[PDB]
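Working notes, structure below.
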Amino acid sequence: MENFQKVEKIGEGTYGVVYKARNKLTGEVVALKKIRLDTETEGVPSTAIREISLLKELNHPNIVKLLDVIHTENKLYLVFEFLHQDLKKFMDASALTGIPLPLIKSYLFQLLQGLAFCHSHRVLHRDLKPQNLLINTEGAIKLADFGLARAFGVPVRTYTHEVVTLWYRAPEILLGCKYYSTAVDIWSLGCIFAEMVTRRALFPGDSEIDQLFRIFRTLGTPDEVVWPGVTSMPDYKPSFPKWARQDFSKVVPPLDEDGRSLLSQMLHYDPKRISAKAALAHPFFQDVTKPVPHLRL
Amino acid sequence: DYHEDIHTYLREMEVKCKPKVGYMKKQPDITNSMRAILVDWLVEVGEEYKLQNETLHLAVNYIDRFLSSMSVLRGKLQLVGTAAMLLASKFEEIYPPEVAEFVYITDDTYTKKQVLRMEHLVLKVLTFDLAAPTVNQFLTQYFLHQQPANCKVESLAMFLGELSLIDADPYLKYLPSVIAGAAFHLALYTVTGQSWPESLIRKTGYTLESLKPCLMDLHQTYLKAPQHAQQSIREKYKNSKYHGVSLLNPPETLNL
Amino acid sequence: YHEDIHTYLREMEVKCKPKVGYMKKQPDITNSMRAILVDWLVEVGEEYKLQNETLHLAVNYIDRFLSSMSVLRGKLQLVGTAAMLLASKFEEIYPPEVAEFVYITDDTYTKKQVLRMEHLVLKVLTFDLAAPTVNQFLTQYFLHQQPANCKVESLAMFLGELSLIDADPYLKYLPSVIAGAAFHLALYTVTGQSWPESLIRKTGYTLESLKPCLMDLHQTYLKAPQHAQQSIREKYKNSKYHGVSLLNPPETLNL
Amino acid sequence: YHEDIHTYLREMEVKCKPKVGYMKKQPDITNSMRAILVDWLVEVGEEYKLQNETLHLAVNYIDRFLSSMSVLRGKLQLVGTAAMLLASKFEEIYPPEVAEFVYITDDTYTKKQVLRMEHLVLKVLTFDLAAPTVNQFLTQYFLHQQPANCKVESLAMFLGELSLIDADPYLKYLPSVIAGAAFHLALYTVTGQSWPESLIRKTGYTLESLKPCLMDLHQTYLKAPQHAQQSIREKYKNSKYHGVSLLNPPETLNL
Ligand SMILES: CN1CCN(c2cccc3nc(-c4n[nH]c5cc(-c6ccc(N)cc6)ccc45)[nH]c23)CC1
């Protein structure tokens, strides 16, 4: 840690802080995630263990690089490549204008390439939300925060607890499925895609039941024909209201015919939901470019 | 879509996570027998705390890799295993047992500080490379090629695969994918009389010929299981959760 | 044991490889900047009368360091300084003291910085300093001269040293191959002879297999007087190198 | 008549050839000195806003003059000055007055000297000033662009101008061939396309036949940032040339 100059705090967390830092010898600008080690009670947190071990297998231009792990006495630092801001703040900054569609297309294309790579390497992210997605001035976007990420060479068991903030949570999870699948990451990305296009969360639920119902109202209440097995799922109730599926042309007005088709396949109820790889081959991306954003720094 | 890519990736990573086959010879104070006792004890601890089978497999992989580059005295072998199980639980379990529980199972032979320091040491020695492929993961992948599924076959395959963890000689010299393939065939043959299917031959590229050496050893381990000094796995797999598959009599020959 | 050693050097040169395309993945520095650095290290070697091997080792260390570490243009020279210091300690009988290395940088860096960079480079290279070089392979090849010719040896060394300056294309050739091309080209230029059968048997390299590297090396040799970096040409017009940098290159290799 | 003119230019380029090996037969001057001269003529052209054609003509005049006349190093610049003056008179709408050419030489030469050298060069070239150039062939090739692309045109012109600097190897290629290689290489670098079938029919040159020149040109392009002479790179990073000298060359041509 002696060769790192702390520049400023750029992030606060549960197990520690993130600083912008500079390598004094090389000049490399970095993000340092500090983890304080309680060396009586717990040792190295499970989040760090998964995050370190999974991320060092994931070298891809759309996944934030872990550069180093400085593991010592009573401190653990993760050294990452430095990016300029998260997608949430960029969305907020773009409220009176929207993100232009070519940049949205670019961002979704890159996020899918990042996700495809994760999935091909049996890693589930499980926490894709705009503030975990980092952008730079050159027009790159990358997946970050792999604290909840999991290897799935053996199927990953669902929690009672802790997860994906409510708004990007997939229906199977809300309906109490036993195992995660890669479909949950695709669902979240669909929600983020729609949010970029419309400038509002697609499904801003106040609670689990409210979250489900907002999905039902937009996409229709799922039945055995749409999603074989729904009615047998743990948290399914026959008392659920039966709403009709509405036009995507009214859910995402600015999207063209191809954009609507991709989003509907990403928000498919039966986790038949499009894969990241299959989504990359969609005609929506047949003219993708790499525009640069107006980052208000 | 992605279970081909994942199998392929697991095949790449299992060649890299290999421990040294002959490490126990270069080890002055500890032996295969002592390792056998350790792993058998880890099976008990997994049953005591209701841990996933994957956690067991990972822990053993961590122990073999640690012991491949570190000399350990017999009185510290259990501390290595404890730290390994702790790390494997953190990696794999939804919520792992707290550290005090791991200190508990060792009958206070080690301290909280010792266990936490060994955790740091094993992370350093393994360079945080904890996502190792296991026999369990390959079995899971192969089970998707069952026409149709048979829980008795799956439980017996898992039983044999778990027995392979106990004896470094001869199982350290086989890849997880290969041990998995032999366990699957042997279980499949014992329960339903069928053989290593053509779908898995295409997926894995392994023939029944290529599995033969490992199959040979696994069959012999299966026959001798009731006489083995370590019994925790047989006991575990006579439960109803595993359809009492550890009571199924093995064939006397394999007819290859 | 001269066979055992060539064999072992051939094994180790495949393992000490830096990443061929590292400069693309590098945000602030370029091949030109590297060229300037290496040319400067040649001057430093002449100023402090350092062995040729020290120069080759230092460049190997710099390429491997830059293969895994991003460096800003203002720190590129600090990397080279620390590399040259480490190479001197490894190879020289008595290396220049650290203060000497601080002074050739015109006080752009401090003693502490240089010593801290030394530690960092050792960490990043994992103390693996005994790298095979073009120099070592040339030296082994020179023992298959029938008979020895100091003008050929000097020109071979000159060409081999020129290969250090330009990452493109020489990062994508093994030292043993660059050495082979340098030996042939020097031998051909001075005496008109070709890559001998004894070295074909020893190395397994034919004149066919050396051809790609040979054509690059020949092209570098022809353009040497026009290169922006000139410290090597200047060095090799000395009497100790028989003024071999003033020799005319062959217009054709007739391969 | 655009066919008649290409045909006629192809005839005349074979007759305006200088001697390829003239620099060997030249006692006091070298390729490096020629490189310095040509690079300087590029600056002069930028200073006085002269057409690219004027530069190409002047270099053609210098090579032909030096093919039959021994010149001392201190008079090489007087030859270039007179050549540039003559090329301006032939090609420019209004050339710079003679006093202007005397001043860019920093009063190293007199008005009388420059005017006497003008007479001598006219005598030695026998008033044969309308020489075909790489520039003229590029211009004719640009009419076979489907469709036009100014970035390709600028890069083609950049590469063609770089060929003027290095007598070895470019003296041994016809302007039509250098032009063909420059067009393909620029086209390939900007748009990924290759020497079109329309130009194959017009010129009779295949991509196979251009290959030797193409490999030299590609090598010059890759090493441009390291060349001791930089006036052309500097010129072509201007907006009028779309900063094409800052574009990255292809690592391979895949021929
Ligand atoms: C909530 N936001 C996030 C973005 N924050 C932020 C603002 C401005 C500049 C920022 N740069 C970063 C950053 N660069 N690299 C990172 C890597 C991780 C990482 C951490 C863990 C893993 N596993 C991977 C990457 C987290 C954050 C960053 N974050 C920034 C502002 C606050």
Side-chain angles (χ1 to χ4, degrees), chain B residues 10-11 14-15 17-19 21-22 24 32-33 35-36 39-40 42-43 53-54 56-57 60-61 64 132-143 145-146 150-197 200-201 203-238 242-256:
Chain B
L10 284 173
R11 286 288 296 274
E14 67 161 354
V15 172
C17 276
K18 284 187 181 158
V21 185
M24 195 63 73
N32 287 146
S33 295
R35 184 194 165 269
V39 174
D40 187 81
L42 284 175
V43 179
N53 289 347
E54 177 63 351
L56 208 213
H57 281 71
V60 164
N61 165 288
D64 285 336
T134 66
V135 171
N136 215 70
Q137 294 172 44
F138 277 99
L139 275 173
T140 292
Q141 206 69 197
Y142 300 165
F143 291 164
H145 284 243
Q146 263 191 298
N150 185 312
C151 302
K152 212 173 188 194
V153 169
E154 292 193 12
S155 300
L156 184 58
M158 216 71 64
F159 167 62
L160 294 177
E162 200 153 321
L163 287 178
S164 76
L165 296 175
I166 292 281
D167 306 325
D169 185 18
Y171 295 113
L172 254 29
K173 72 213 191 68
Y174 296 112
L175 288 163
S177 67
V178 168
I179 295 179
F184 182 71
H185 168 85
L186 185 49
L188 184 53
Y189 191 71
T190 297
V191 167
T192 87
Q194 294 182 299
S195 288
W196 185 247
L200 280 179
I201 292 167
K203 178 197 183 62
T204 64
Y206 297 147
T207 62
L208 196 50
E209 277 159 351
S210 79
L211 295 164
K212 179 173 193 167
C214 187
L215 222 26
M216 260 23 260
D217 289 331
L218 200 43
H219 187 219
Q220 212 57 224
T221 302
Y222 185 14
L223 284 164
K224 298 196 206 178
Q227 281 46 262
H228 206 93
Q230 276 65 54
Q231 229 70 224
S232 292
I233 298 173
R234 277 191 78 246
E235 288 290 291
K236 163 169 171 182
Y237 282 85
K238 65 179 67 161
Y242 297 115
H243 316 260
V245 295
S246 61
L247 298 163
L248 288 188
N249 293 335
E252 65 186 349
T253 64
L254 291 173
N255 179 30
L256 294 166

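Here is the naming used below: chain letters follow the sequence lines, and residue numbers restart at 1 for every chain. Computed over heavy atoms, backbone and side chain alike; hydrogens, waters and symmetry mates excluded.
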Quick one, [X] and [Y] - any side-chain contact, counting heavy atoms below 4.5 Å?
| X | Y | answer |
| --- | --- | --- |
| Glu162(B) | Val135(B) | no |
| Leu254(B) | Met216(B) | yes |
| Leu208(B) | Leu215(B) | yes |
| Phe159(B) | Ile233(B) | yes |
| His145(B) | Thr204(B) | no |
| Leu188(B) | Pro197(B) | yes |
| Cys151(B) | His243(B) | yes |
| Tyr237(B) | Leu163(B) | no |

Say you draw a straight line from [atom1] of [X] to [atom2] of [Y]; how long is it, rounded to the nearest 0.5 Å?
| X | Y | atom1 | atom2 | value |
| --- | --- | --- | --- | --- |
| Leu200(B) | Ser195(B) | CG | OG | 12.0 Å |
| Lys173(B) | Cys214(B) | NZ | SG | 8.5 Å |
| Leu211(B) | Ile201(B) | CG | CD1 | 8.5 Å |
| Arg234(B) | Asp40(B) | CZ | CG | 12.0 Å |
| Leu56(B) | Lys236(B) | CG | NZ | 5.5 Å |
| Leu248(B) | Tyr222(B) | CG | OH | 5.0 Å |

Describe, in one word, how the ring planes of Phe143(B) and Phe184(B) are oriented to each other, choosing from parallel (under 30°), tilted (30 to 60°) and perpendicular (over 60°).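 Tilted.
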
Other residues, nucleotides, ligands: >12 heavy atoms within 6.0 Å of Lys203(B) NZ: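 Count over threshold, so yes.
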
Does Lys238(B) have more than 12 heavy atoms from other residues, nucleotides or ligands lying within 6.0 Å of its NZ?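 Check passes, neighbour count above 12.
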
Taking every non-hydrogen atom, the tightest pair across [X] and [Y]:
| X | Y | answer |
| --- | --- | --- |
| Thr134(B) | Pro176(B) | C-CB, 3.7 Å |
| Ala180(B) | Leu139(B) | O-CD2, 3.6 Å |
| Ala187(B) | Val153(B) | CB-O, 3.4 Å |
| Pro250(B) | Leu223(B) | CG-CD2, 3.6 Å |
| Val191(B) | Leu156(B) | CG2-CD2, 4.1 Å |

Working for side-chain contact (heavy atoms from CB on, under 4.5 Å), residues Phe138(B) and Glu14(B): CA-CA 10 Å; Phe138(B) 277 99; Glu14(B) 67 161 354; 3.6 Å; yes

Using modelled atom types and a 3.5 Å cut-off, is there a donor and acceptor pairing between side-chain atoms of [X] and backbone atoms of [Y]?
| X | Y | answer |
| --- | --- | --- |
| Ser155(B) | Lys152(B) | no |
| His219(B) | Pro251(B) | yes |
| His57(B) | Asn53(B) | yes |

Decide side-chain contact (heavy atoms from CB on, under 4.5 Å) for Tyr174(B) and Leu218(B); before the verdict, give the C-alpha distance in whole Å, the side-chain angles of both, and the deciding distance to 0.1 Å. CA-CA 11 Å; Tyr174(B) 296 112; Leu218(B) 200 43; over 6 Å; no

Have a look at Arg35(B) and tell me which of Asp169(B), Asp167(B), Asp64(B) forms a salt bridge (charged side-chain N to carboxylate O under 4.0 Å, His left out) with it.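 The residue from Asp169(B), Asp167(B), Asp64(B) that satisfies salt bridge (charged side-chain N to carboxylate O under 4.0 Å, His left out) with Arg35(B) turns out to be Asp64(B).
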
Run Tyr142(B) and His185(B) through side-chain contact (heavy atoms from CB on, under 4.5 Å) and show every step you take. CA-CA 10 Å; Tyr142(B) 300 165; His185(B) 168 85; over 6 Å; no

Assess whether side-chain contact (heavy atoms from CB on, under 4.5 Å) is satisfied between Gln146(B) and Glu154(B), documenting all intermediate values. CA-CA 10 Å; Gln146(B) 263 191 298; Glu154(B) 292 193 12; 2.9 Å; yes

Passing option when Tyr171(B) is tested against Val178(B), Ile166(B), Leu165(B), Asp217(B) for side-chain contact (heavy atoms from CB on, under 4.5 Å):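 Of all the options given, the one that passes is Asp217(B).
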
